[PDB]
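Here you get one chain, nothing else, as structure tokens; it is the form deposited in one PDB entry.
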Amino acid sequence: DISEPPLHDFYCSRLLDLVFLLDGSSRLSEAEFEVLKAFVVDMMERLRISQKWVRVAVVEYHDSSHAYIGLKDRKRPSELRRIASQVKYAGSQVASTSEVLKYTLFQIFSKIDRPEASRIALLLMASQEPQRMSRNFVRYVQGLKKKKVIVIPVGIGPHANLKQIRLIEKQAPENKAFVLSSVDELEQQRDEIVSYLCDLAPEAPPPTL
């Protein structure tokens, strides 16, 4: 038994696999990265986290991707939120969006054994990868598109890869971007982002018998 009641009245109770992808570069200071994690935790509090409802994954990406939470991890929501809150600051020279989308496509959504859930990757971006790393970027985004993995880029600050964000937006109509000036704007956009992605996901049918 690992179920927990909602903390808030605002609560997504739909069939959803939601992946948080966190920029691990030094474009975010340690303090800004704490705000980014607080946003992720705030969003998690507003999800009904359960294998039967909303599943979550949390990945920090630098030149490679490090998963802290996988969709299949059967832990209490509060423990998942604690894990997210403690994601270590990397401050890397490089954060590769191409590598983390590859990770999402071939490690997270490799095997679609939950066909009843919508699949969304929230790509929190504050930087630009070296162009040498981007050869397959469009191919991974298209691979995700074909598995109906909706990619929602959140561009934070002026160093965010806006060219890639626009590329993501054009691959699928549901791939909506949120472009923010700084991590301090995350809190005021949070419930709008939650509502947008909740609306994308299927409802569970009314309980019977």
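Throughout, we count residues from 1 along the sequence that is shown.
Engineer: For the higher mean C-alpha B factor in the entry, choose 169-177 or 52-60.
Structural biologist: Result: 169-177.
Engineer: Which wins on mean Cα temperature factor, 83-91 or 114-122?
Structural biologist: Stretch with the greater average CA B-factor: 83-91.
Engineer: Among the chain's modelled residues, which third holds the C-alpha B-factor of residue 101?
Structural biologist: It belongs to the lowest third of the chain when residues are ordered by C-alpha B-factor.
Engineer: So where's residue 18 on the chain's Cα temperature factor ranking, which third?
Structural biologist: Within its chain, residue 18 is a lowest-third residue by C-alpha B-factor, going by the deposited values.
Engineer: Pull the Cα B-factor of residue 26 out of the PDB entry and bin it into the chain's lowest, middle or highest third.
Structural biologist: Ranked within chain, residue 26 CA B lands in the lowest tercile.
Engineer: Which third, lowest, middle or highest, does the CA B-factor of residue 46 fall in along this chain?
Structural biologist: Answer is lowest: the recorded C-alpha B-factor places it there.
Engineer: Thinking about Cα B factors across the chain, which third does residue 66 belong to?
Structural biologist: Answer is highest: the recorded C-alpha B-factor places it there.
Quick note: we don't show the form solved in complex with a partner chain, though the next part is all about it.
Engineer: Looking at its partner chain in the deposited bound form, is some heavy atom of each of 130, 134 and 163 within 4.5 Å of it?
Structural biologist: Heavy-atom distance to its partner chain in the deposited bound form: all three under 4.5 Å.
Engineer: Pick from 90, 122, 138, 94: which has a non-hydrogen atom within 4.5 Å of its partner chain in the deposited bound form?
Structural biologist: Spelling it out, the residue with a heavy atom inside the cut-off is 138.
Engineer: Taking heavy atoms and a 4.5 Å cut-off, does residue 35 contact its partner chain in the deposited bound form?
Structural biologist: No, residue 35 is distant from the partner.
Engineer: Would you please decide whether residue 41 lies within 4.5 angstroms of its partner chain in the deposited bound form, comparing each non-hydrogen atom pair?
Structural biologist: Residue 41 lies outside the contact set for its partner chain.
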